[PDB]
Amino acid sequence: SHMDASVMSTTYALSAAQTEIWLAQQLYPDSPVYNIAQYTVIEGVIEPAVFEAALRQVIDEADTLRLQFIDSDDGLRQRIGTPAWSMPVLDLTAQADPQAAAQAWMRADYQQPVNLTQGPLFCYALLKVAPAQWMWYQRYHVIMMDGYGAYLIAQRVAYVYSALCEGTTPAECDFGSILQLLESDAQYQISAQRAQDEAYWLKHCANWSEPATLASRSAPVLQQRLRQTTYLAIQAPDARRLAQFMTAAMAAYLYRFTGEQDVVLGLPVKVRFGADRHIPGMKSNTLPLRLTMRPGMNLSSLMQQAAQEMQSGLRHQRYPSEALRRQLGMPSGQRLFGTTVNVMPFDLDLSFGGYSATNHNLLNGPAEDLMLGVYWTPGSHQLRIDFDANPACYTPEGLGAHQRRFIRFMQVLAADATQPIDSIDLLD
């Protein structure tokens, strides 16, 4: 049939990362766990018609927002399309609990199933929760947006809105096109770079243990994450050393609870080199990071190991960890890591028409087991630490107990970096 021929002729293949997302989503086409979402709280007055004009401009500028997915013989295909969208504006200020009402509205959306061929794949909404307090809600399916991409979009919307508010022309966007990102990925899939990367990871992981984990069971994730959130003063570094510390601390904690001495963690990374640093879309990967719990090691030796792992492996970060699992001949369902340490050193602050604003994550993708999410504006004296967990594997209270124990443990670690991790009392 000519209609199938025309679909193939007018579309692009999924990238490697998108393909892994599509396959995972196909296993549970009703699981909403492939959404990411956040809201930006603005301390001021937002004019919705100007905000919507800013969103129209950024939907033109970031063409990943206009991707449409179409089923095909060779699987899912995509093109720059004409997605239907609107921007709900809800004034909740007369409600008994406007904040709770806003959270419930956002939650109702990000729990909605997202059919990839019908969309909508993103949602933008404005919620007024007090006099001079607005929330801009942002939701994406990860097949077309990752964390850094969402950050780029929020920065650009704030800038464009600010220009439109003051009646000036926004300076030209520095975004590249998603089609260039897809073409570069297609070339990488058949490049020599990829073969070197594959060799590196096959060597690095070639003798693997079943992952160390705090859970009594491992299970696919079907449900949205259980989340425990704690805010931490930084007195308890740059992004790289914050990641070194967080991975070392989580590995030491896993070792103290399970005794496992070969600890493999997941390290989400941006996979954004060169031009791809300016293209909103889905690029990110998650790397296996191995830390060997030796007899007597302290925090310093562990962060030494983590720094070495990152210096050795970040250059090879393009190689998808799912492809790595297949190439290693791992059994179906078996993972290289259970616990992931997702450090997001992305500026949380924005300015909208001269009004201060801050970003707050709602969903950060699927929680297969446990994910430590760390949100830090570089330079700030404050961290947000999320424990995101598979509800099939943890309880809210058990997760909260783990998070309190972990926060205390990590503070005692940072208090004396020469002290043996075996010598530290926990909270139990």
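Residues carry their position along the shown sequence, with the first being 1.
Enquirer: From residue 236 on to residue 237, does the model leave out none, 1 to 3, 4 to 9, or 10 or more residues of the deposited sequence?
Expert: The entry leaves 4 to 9 residues without coordinates here.
Enquirer: Out of 324-332 and 126-134, which stretch has the higher average CA B-factor listed in the record?
Expert: Higher mean C-alpha B-factor in the PDB entry: 324-332.
Enquirer: Out of 404-412 and 6-14, which stretch has the higher average CA B-factor listed in the record?
Expert: Per the PDB entry, the higher value belongs to 404-412.
Enquirer: Sort 383, 53, 67, 393 by C-alpha B-factor from the entry and give me just the highest.
Expert: Result of the comparison over 383, 53, 67, 393: 393.
Enquirer: Per the PDB entry, which option out of 354, 98, 88, 296 has the greatest Cα B factor?
Expert: When the deposited C-alpha B-factors of 354, 98, 88, 296 are compared, 296 is largest.
Enquirer: Using the B-factors in the PDB entry, rank residue 349's C-alpha atom against the chain and give the third, lowest, middle or highest.
Expert: Ranked within chain, residue 349 CA B lands in the middle tercile.
Enquirer: Relative to the other modelled residues of the same chain, rank the CA B-factor of residue 23 and answer lowest, middle or highest third.
Expert: It falls in the middle third of the chain.
Enquirer: Quick one: classify residue 30 as lowest, middle or highest third of the chain based on its Cα B-factor.
Expert: Highest third - that is where residue 30 ends up once the chain's C-alpha B-factors are sorted.
Enquirer: By its CA B factor, does residue 290 count among the lowest, middle or highest third of the modelled residues in the chain?
Expert: Highest third.
Enquirer: Which third of the chain holds residue 278 when residues are ordered by C-alpha B factor: lowest, middle or highest?
Expert: Middle third.
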